[PDB]
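Take a look at the letters that make up each chain.
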Amino acid sequence: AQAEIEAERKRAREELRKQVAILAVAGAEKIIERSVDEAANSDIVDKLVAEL
Amino acid sequence: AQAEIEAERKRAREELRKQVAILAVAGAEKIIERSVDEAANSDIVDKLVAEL
Amino acid sequence: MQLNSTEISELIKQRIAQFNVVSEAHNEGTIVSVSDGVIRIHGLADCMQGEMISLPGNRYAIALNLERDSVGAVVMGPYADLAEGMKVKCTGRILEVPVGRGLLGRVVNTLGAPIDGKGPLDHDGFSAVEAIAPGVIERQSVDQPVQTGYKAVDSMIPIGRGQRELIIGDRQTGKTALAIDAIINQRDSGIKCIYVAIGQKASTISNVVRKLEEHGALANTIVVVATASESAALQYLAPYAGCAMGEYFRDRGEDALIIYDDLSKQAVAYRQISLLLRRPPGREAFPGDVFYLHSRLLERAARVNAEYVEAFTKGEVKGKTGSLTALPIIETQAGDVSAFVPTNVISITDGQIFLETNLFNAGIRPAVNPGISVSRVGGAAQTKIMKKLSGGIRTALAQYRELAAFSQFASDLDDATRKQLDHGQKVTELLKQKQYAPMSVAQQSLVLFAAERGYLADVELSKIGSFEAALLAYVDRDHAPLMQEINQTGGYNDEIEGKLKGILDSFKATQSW
Amino acid sequence: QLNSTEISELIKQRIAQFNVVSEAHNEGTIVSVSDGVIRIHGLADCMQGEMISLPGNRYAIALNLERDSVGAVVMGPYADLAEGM
Amino acid sequence: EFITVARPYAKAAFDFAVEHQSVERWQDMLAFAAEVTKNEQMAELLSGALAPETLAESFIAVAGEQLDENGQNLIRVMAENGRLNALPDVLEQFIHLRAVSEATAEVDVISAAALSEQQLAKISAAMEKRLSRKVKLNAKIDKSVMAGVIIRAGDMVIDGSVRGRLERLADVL
Amino acid sequence: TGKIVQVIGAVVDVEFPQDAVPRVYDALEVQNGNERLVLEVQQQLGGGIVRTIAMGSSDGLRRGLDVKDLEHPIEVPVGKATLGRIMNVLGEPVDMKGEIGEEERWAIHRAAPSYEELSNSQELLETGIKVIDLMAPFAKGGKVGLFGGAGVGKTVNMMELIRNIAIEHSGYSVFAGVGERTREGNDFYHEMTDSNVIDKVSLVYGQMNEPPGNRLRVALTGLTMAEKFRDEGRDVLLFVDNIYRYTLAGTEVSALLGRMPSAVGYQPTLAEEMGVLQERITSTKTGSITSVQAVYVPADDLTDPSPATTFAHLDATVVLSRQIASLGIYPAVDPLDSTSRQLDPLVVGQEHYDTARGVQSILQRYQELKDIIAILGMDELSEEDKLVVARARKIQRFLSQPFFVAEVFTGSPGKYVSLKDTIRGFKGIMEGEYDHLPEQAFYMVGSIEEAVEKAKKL
Amino acid sequence: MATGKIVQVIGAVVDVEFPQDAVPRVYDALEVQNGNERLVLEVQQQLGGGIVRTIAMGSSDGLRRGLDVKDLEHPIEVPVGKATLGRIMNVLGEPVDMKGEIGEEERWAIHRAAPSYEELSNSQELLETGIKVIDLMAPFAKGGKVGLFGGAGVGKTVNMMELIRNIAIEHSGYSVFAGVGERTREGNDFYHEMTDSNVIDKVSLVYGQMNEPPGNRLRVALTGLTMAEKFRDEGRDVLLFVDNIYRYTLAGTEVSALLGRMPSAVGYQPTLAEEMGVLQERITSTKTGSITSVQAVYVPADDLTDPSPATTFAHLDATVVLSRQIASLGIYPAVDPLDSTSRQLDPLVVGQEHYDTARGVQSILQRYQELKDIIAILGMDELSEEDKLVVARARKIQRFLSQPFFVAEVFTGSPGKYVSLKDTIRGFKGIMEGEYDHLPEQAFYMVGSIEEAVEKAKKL
Ligand SMILES: Nc1ncnc2c1ncn2[C@@H]1O[C@H](COP(=O)(O)OP(=O)(O)OP(=O)(O)O)[C@@H](O)[C@H]1O
Ligand SMILES: Nc1ncnc2c1ncn2[C@@H]1O[C@H](COP(=O)(O)OP(=O)(O)O)[C@@H](O)[C@H]1O
Ligand SMILES: Nc1ncnc2c1ncn2[C@@H]1O[C@H](COP(=O)(O)OP(=O)(O)O)[C@@H](O)[C@H]1O
Ligand SMILES: [Mg+2]
Ligand SMILES: [Mg+2]
């Protein structure tokens, strides 16, 4: 089970890298109600992607 | 042994949630500081003084 | 499988939704002093005594003094990184703890934060840590039994739902063993359990949790832990957190069992917090209110009548009576049951189980010393069968054990005292029991039957243990219906007495042992 | 740092005139009452061991003659007394 | 620290200043006394064990700015009690009792950038309703906060900054 | 009209205008949120400040709250209307029945009756307990006190005295629970209600859960009802559940009231706080109070300042010891320390007195031999010291007795032994007319005939 | 740039006043120029007004008021790792031998939190020391604390050297020796007795002795413990010796009195149990490695109820008692089997065979202890022959607990032996159950395993 879980962890992480960038935007647009564009952040979201 | 396996799964899921959770706020802060401006700042101060 | 990243993401997604950004006003102060875990705050003109003050980081302090121009508070955590000048925010909350049945199976800090790795709690709101127990008119006399696994205490020292029973003895005498065996035995009897560890070594707590999980009980327990390296304000406030988590069940018409691992170390941590505040000490340097400390804690382990449960729960629960049973543990230096803190607690609980080191070194385990140990609620808490078979057995042993003092040299009346000795001695050899091996009231009852009806006067002191093992295997094979009946009821009658005598004559006749 | 019966209106009296006239060294006013001990302000001519006379027919024994205070013990029920007498 | 031993003296000085409608003169007199307490040489004399009625007279000598009756009497009382070092706090609590008496307050407004002077007008109009007091404002700038504003009025604060929103979101998770 | 300015634990400081400062022991009031908190002032500090003790939970009090000055002390319902009902320290009803229909209310702080009004009585009171009314007989209208460590029998003995004196007594009775278990208060309330004597007993309860102010003033609240019944011309029973808690609650608060500690951390006013209470629990020419008080002694130390100062205020003092209970000898009374003002040849007759002193002499002679027996064994005693020892052990056994309120523990039925029937048994044991019986023939029996009858079964 | 100024000096306590916003945090280090040498102060408290109260890690003579004080932003930090083996250091991690600098690359702060609840090892191993008496009668838990209650003249330090040797050779662990408040004379000759036995390159020494100001004697144990933590992080199994834990308590009592805090139970500091726990809770077996500890304990007034022994025994697992007697009889190591105890002796942890073997030899010896009482008063031939067998087996058991150390060769000549646990269980089962009755008792003395006892009987 331990080796199974260590594989599952990568399987999950490599998908959650798609969700980090969505949550990072939704959280800001909740904090700053002037809803924001993706374009100006397209590079920042990429380092958020990478570092996970 | 079969309950130790489940405890390991819960613990791994929690650590993954923790990582995504803190990356979310770090990303939101960077997006915010890269996208805040006077037009929105004035609107935030207007909002809060309208209910101050 | 269950690493469903989709769920992990929607989880946070909901929080981003159910989050309110609107401004909110709060009251602020400044840290003016820091020393040995005590804080002095200037400002907070709106703080209230007993409040939680929120510090930088995710940390809290408890307001103890509202002086004329400053607030005195103790830090609930590592205090070293605080510094004069930091701002603190007054939360409008009196000291609170998460409560609910969703805590079952979690290992938790005294503030309710989960210290195991398994993520945040599911909990039914918060409860106040300092409360006043139900009044005199709300109680009900303790009636129902609480079964440990042990012949010695289930026969001599019965415990009832709603009782408080001090476990006291010297160090390394089996106190923790005798407590977590009681916790383990509730695995199936519908009593939720709570284990509070104050000032214990962290390795000991990890081993206790591992043994609780080994025997399946961990899914039914809450573990509240404040280790030896924790602040003195977390050790001192832990048992109140545990009691706050048990009162949740008590008040909803359910049953709980709570164990305070050391209330000597809680007293020592309170003595520390008190002397650091310059408060004059009394006997043995303990504060004046070291009695009130344990009194207002243990007085919450109660049983409450159905009207209190109805009124508390706004009429949702009818006709049930809740209870909270406490087993505080106290450590006595050199067998001295007459020191300021052991006596303060003997004066609060409804009895005590006294574990004697002389008996424990002589292989007699559990080392229940009769004569010093008693249950103040008495037999009212036992099952009908156990009440019948036991009789005054404990005073019989309490006599035999002093008779062994004078008979040590010589004896007159030297047959009746001879048979008295032989009987008491075989019974003591019969009461000793191995750790982690609980036995149901059916097994204890038929063993006490064998002991009382003279059915063991044949076999040697050397044979007792295998005799009992074979008897409990014989009746496991044959008479499982009668066991299923005595375990289901108080189960005493002349019919059952006959069935037991028949089992006994037959086993002794044809069985191996 | 703690006060010694320096209190608002007594201080204000001195603000008005520091060298208060020697109006009466014969009398004073109770400023404290607790556990059968009273602190008296004034009584510049009190002597140690002297009997001090209170309202009613009651007495006190001046035992502490300090810098701006007399500590005296009431010889009877004290709870009736009150500041300002 | 003399926060506690200053309260009686500030209260007495204020209750006296009111009876004589001289609050402003008393405030300036206290402000001068609390300054002479800070001089390098006088702070040396205040620590050494001189007799009170000698220390008080040497202190009086250094001030012709005190109305000879009522300010010097205050100095003499505080000297008799050994509390001349408390004057810097007597001044603060005198100002506080005054601000209370005249129903006045002073609000700090902290922001990532200076405000548009219409926001300030509405802020003052709002606070003069949150508080009965006529409110001054002291706008201050701090680029740690990055949007919104902090309003601090006494020990009350309204944490309107986005910095606060971020730190308060982080701890929900 | 006043403001709170400090809150230290249980004591609160309040500031009032200079002309309105409350008097000592007047009661104030504060709205502690959705609650009403009563404060009783203890000291008039200077400058309009006043220092008070909270009669309730102090948690949740802010500074600057507004407190209202009630201009009268704490006042409790009293008289016939308070009979069969449970009350707070504040005189509020704590059972779920309606209001107390009292006609009159009394302040709980009162002066003791004059020396002129006291009365003295030689009239002996009989109890079913061998050891008590042999070694320490007590009289109608006098004080009794049970001294003991933790868990030696001073509550069971008081319930037996209640059973043996209070049911067979016509006048009213009062029971004050001062800092003891609420379980026992509920048990006692239901025993009384189920035996239909509850309509003759008034109950005040300030148990150990409550904050210090309640435990501090509940004993005075009970004395006030006992005093009302006394002054009506009746004669009363007053049972106090543990009077030690009344001084312990004072020790807990003393340092916060700003008073220097005394010998073992006790308040400096210990003896006065204790005397001012116990001087008003007395019988008088207009009516009499008979009282039994349990007195906890901490750490079994009979020389601790609190028991030491309590001893002087009692007529009969019964001293319970752990070293006797551990032998299973109940009631665990120590007959070489129990004593009574009533044990005189003039009061109890020459035979009772002479038997009591003979018992004491034998038991003390036995104490003197316990060290030589410990070192050199019993065979080194002279032929008659062995006789002294055997009779001493027989007497030790015979002072044991079964109680009706201990059936729950031992199953054996209770016994009631009349005085005439016990001085005869002890005269017998001492004179030598029962040497044949074994020691265990005397353990846990009633009259002596039960011992000679028990010997037949060994 | 320095910012503080000394404002008070009273004995070892120094107060310094900083700018109102730059106040040091607790346990932060400061330094001042005490004339021609610098001095390090450790913050203990923050008083109001920017003042901070400290304790001097050195002699405070010559300190003026108004000296400038420099605020180092971090606690006392010491050098750690392989670089510190065979060196001697004081509290501040400065080389105190003359061999020059310490070539470490990493420095750690001595104040740290104990391992969290989920870092602790979810197992319970045993530490095979290779000594017969210890591994039979008082086994060590890996990551446990061991008391060592011997007096003087019995070989405590040669036992320590033997453990240091075995855990380095037969395992791959290093050792750390922390000298808390004991004689300098003993430290010099421990250094030499180790250097001339070639173990000095396997132990890291740190010393704060009786001549040191209180702060040094207080924090030296934490210095040693943090070096042992650095070794643990490498995955090794480490052994930490404390020269006297009682003096670690007494240094804290002195410091507490200096800070003016109210005294407690028998005069001790109010924070006795927490000061003890925050040390004893850092030496545990972790998922990566483990620190075992052997601590010499002195019991005041021979009272095991005194607060200091009572607090220490709450943490000890094993307990070995050395006895002058067992040494007089010529048996080394001079461990007493009847008072030595370990709470690892349970069937549920150590096994049933080892448990009942230890209990066997215990009962045999504690009967022999009184058969030899009879023999003294009534002579040998008074005994039943059921007893003349017990005496002859007890004498052989008593001999077989001796052992030759690799460190004792300089005395005994005989080569040192490392005896596995299995061998000891075999040997004592044998001797107890009457096997080997046919060979004389001196065939067991100082032999090693039993397979060597048979040979020594062959060539006898
Ligand atoms: N019924 C029993 N039979 C055999 N051994 C027992 C029994 N109960 C306890 N023990 C043993 O007693 C030892 C100590 O027990 P335990 O740790 O529960 O006591 P304790 O009082 O909690 O000790 P401490 O005070 O150090 O926590 C354990 O090693 C255990 O093996
Ligand atoms: N007469 C008695 N017979 C038998 N047991 C008794 C008797 N009196 C006291 N005991 C025992 O002593 C225990 C202590 O109870 P209690 O009298 O309530 O102590 P305390 O005086 O502290 O309340 C009782 O629960 C019972 O076990
Ligand atoms: N294992 C051993 N083999 C031989 N001799 C030993 C052994 N252990 C101790 N001794 C003897 O006992 C002495 C003890 O001296 P030392 O180690 O300095 O003891 P302590 O540290 O208690 O003063 C040794 O020098 C040696 O003479
Ligand atoms: Mg334990
Ligand atoms: Mg009692």
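- Per the deposited record, cryo-EM is how this structure was determined, to a resolution of 3.1 Å.

**A look at the overall build of chain D**
Item 1. Helices and strands together make up the secondary structure of chain D, namely one helix and five strands.
Item 2. The N-to-C order of helical and strand elements in chain D reads α-β-β-β-β-β.
Item 3. Against the globule reference of 12 Å for 85 residues, chain D gives a C-alpha radius of gyration of 13 Å, in line with a compact fold.
Item 4. Principal axes of the C-alpha set define a box for chain D whose edges measure 35 × 25 × 25 Å.
Item 5. In chain D, the proportion of contacts linking residues at least 24 apart, taken out of those at least 6 apart, comes to 39%.

**Quick notes on the site of ligand 2**
Item 1. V374(C), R376(C), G151(F), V152(F), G153(F), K154(F), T155(F), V156(F), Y330(F), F403(F), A406(F) and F409(F) make up every residue found near ligand 2.
Item 2. Within the contact set of ligand 2, an oxygen atom lies 2.9 Å away from a side-chain nitrogen or oxygen of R376(C).
Item 3. For ligand 2, whose unbound accessible area comes to 540 Å², protein coverage reaches 92%.
Item 4. Across the shell around ligand 2, the residue classes break down as seven nonpolar, three polar and two charged.

**So, the site of ligand 1**
Item 1. Taken together, 14 residues lie around ligand 1, and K175(C), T176(C), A177(C), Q433(C) and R343(G) are the ones closest in.
Item 2. Close to ligand 1, residues of chains C and G are found.
Item 3. Backbone polar atom of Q172(C) to an oxygen atom of ligand 1: 3.4 Å apart, as the coordinates give it.
Item 4. Residue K175(C) places a side-chain N or O atom 2.4 Å away from an oxygen atom belonging to ligand 1.
Item 5. Alone, ligand 1 offers 620 Å² of accessible surface; in the complex the protein occludes 79% of this.

**Examining the domain arrangement of chain G**
Residues and elements named next belong to chain G.
Item 1. By domain assignment, chain G separates into domain 1 (1-75), domain 2 (76-344) and domain 3 (345-460).
Item 2. The gap between the C-alpha centroids of domain 1 and domain 2 is 30 Å.
Item 3. Across the contact, 17 residues belong to domain 1 and 15 residues belong to domain 2.
Item 4. Carbon and sulfur atoms supply 67% of the area buried between domain 1 and domain 2, which totals about 1,400 Å² over both sides.
Item 5. In this structure, the connection of domain 1 to domain 2 is made through two salt bridges.
Item 6. Of all the secondary structure elements, the ones that give two or more residues to the side of domain 1 that touches domain 2 are β4 (38-46) and β5 (51-56).
Item 7. For the side of domain 1 that touches domain 2, the leading source of residues is β4, giving five residues.

**Digging into the packing of aromatic side chains**
Item 1. The tally for this structure, following the rule as stated, stands at 26 aromatic pairs over all chains.
Item 2. Ring centres 5.0 Å apart and planes at 35 degrees place the aromatic pair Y236(C) and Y270(C) in the tilted group. Here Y236(C), found in helix α5 (residues 232-251), pairs with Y270(C), found in helix α6 (residues 263-275); they are 34 residues apart in sequence, far enough to count as distant. The same class applies to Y236(C) and to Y270(C), which are both buried.
Item 3. Between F398(F) and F426(F), the aromatic rings sit 4.8 Å apart at their centres with planes inclined by 65 degrees, giving edge-to-face as the arrangement. In this pair, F398(F) is assigned in helix α11 (residues 385-398) and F426(F) in helix α13 (residues 419-431), connecting sequence segments 28 residues apart.

Conventions we followed
- Residues numbered from 1 in each chain as written, not as in the entry; some residues may be left out.
- Chains lettered and ligands numbered in written order.
- Part of a larger assembly, values for the part shown.
- Heavy atoms only, no water.
- Residues with missing side-chain atoms left out of burial classes, pairs and counts.
- Helix = DSSP H or I, 4+ residues; strand = E, 2+ residues; numbered from the N terminus.
- Rg over C-alpha atoms; globule rule 2.2 N^0.38 Å.
- Contact = heavy atoms within 4.5 Å.
- Near = heavy atom within 4 Å.
- Polar contact = N/O pair within 3.5 Å; in protein donor to acceptor, adjacent residues only side chain to side chain.
- Areas by Shrake-Rupley, 256 points an atom, 1.4 Å probe, with all protein chains shown as cover.
- Nonpolar A, V, L, I, M, F, W, Y, C, P; charged D, E, K, R; others polar.
- Domains from an automatic or database assignment.
- Buried area = accessible area lost by both parts, 1.4 Å probe.
- Salt bridge = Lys/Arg side-chain N within 4 Å of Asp/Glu carboxyl O.
- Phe/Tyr/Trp six-rings, centres within 6.5 Å; stacked < 30°, edge-to-face > 60°.
- Buried < 20%, exposed > 50% of the residue type's maximum accessible area, 1.4 Å probe, protein only.

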